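No value in this document is a laboratory result; all are computed from the given coordinates. Note that each Cβ is placed from the backbone with ideal geometry, even for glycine, and that neighbours are counted across all protein chains shown.
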Ligand SMILES: [Zn+2]
């Protein structure tokens, strides 16, 4: 059995959840590559593997860096 979101297991599936994404400085592509799909409202995203949620993204933020900073034990980051 699978403890992760099978639905959001592919980069492609995560990418396809973004519609009218409000930030010009952080792309749906970058977020999907870092394991994040759109949950909202606003700029809130969730990891398919650890279930970590992040919002209030800053221009300086790197999605993979923030994933590791906030959710260091995430199994997606390790494999
Ligand atoms: Zn994660």
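In region 5-17, which residue that is in contact with a helix residue (DSSP H, G or I) (Cβ under 6 Å, 6 or more places away or on another chain) and surrounded by fewer than 20 Cβ atoms within 10 Å (Cβ to Cβ) is nearest to residue 78 (Cα to Cα)?
Start the filter on region 5-17 by keeping residues that are in contact with a helix residue (DSSP H, G or I) (Cβ under 6 Å, 6 or more places away or on another chain), which leaves 8, 11, 14-15.
After this cut, where a residue has to be surrounded by fewer than 20 Cβ atoms within 10 Å (Cβ to Cβ) as well, the list is 11, 15.
Working: 11: 16, 15: 21 Å.
Across region 5-17, the extreme among qualifying residues is 11.
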- request: Could you grab me the full set of residues in region 18-38 that are surrounded by 14 or more Cβ atoms within 10 Å (Cβ to Cβ) and out of contact with any helix residue (DSSP H, G or I) (no Cβ under 8 Å at 6 or more places or on another chain)?
  value: 23, 27
- prompt: List, please: which pairs have Cβ atoms under 6 Å, are six or more places apart or on different chains, and start with a residue in region 55-79 that is over 14 Å from residue 45 (Cβ atoms) and end with one that is more than 12 Å from the ligand (Cβ to nearest atom) and assigned to a loop (DSSP other than H, G, I, E, B)?
  reply: 59/25
field: Test: residue 2 is within 16 Å of the ligand (Cβ to nearest atom), exposed (fewer than 14 other Cβ atoms within 10 Å of the Cβ) and assigned to a loop (DSSP other than H, G, I, E, B)
entry: yes
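Where in region 11-79 are the helices (runs of 4 or more DSSP H), entirely inside, with at least 3 residues that are more than 11 Å from the ligand (Cβ to nearest atom)?
Numbers: elements: 11-15, 28-33, 63-70, 75-78.
Qualifying helices (runs of 4 or more DSSP H): 11-15, 28-33.
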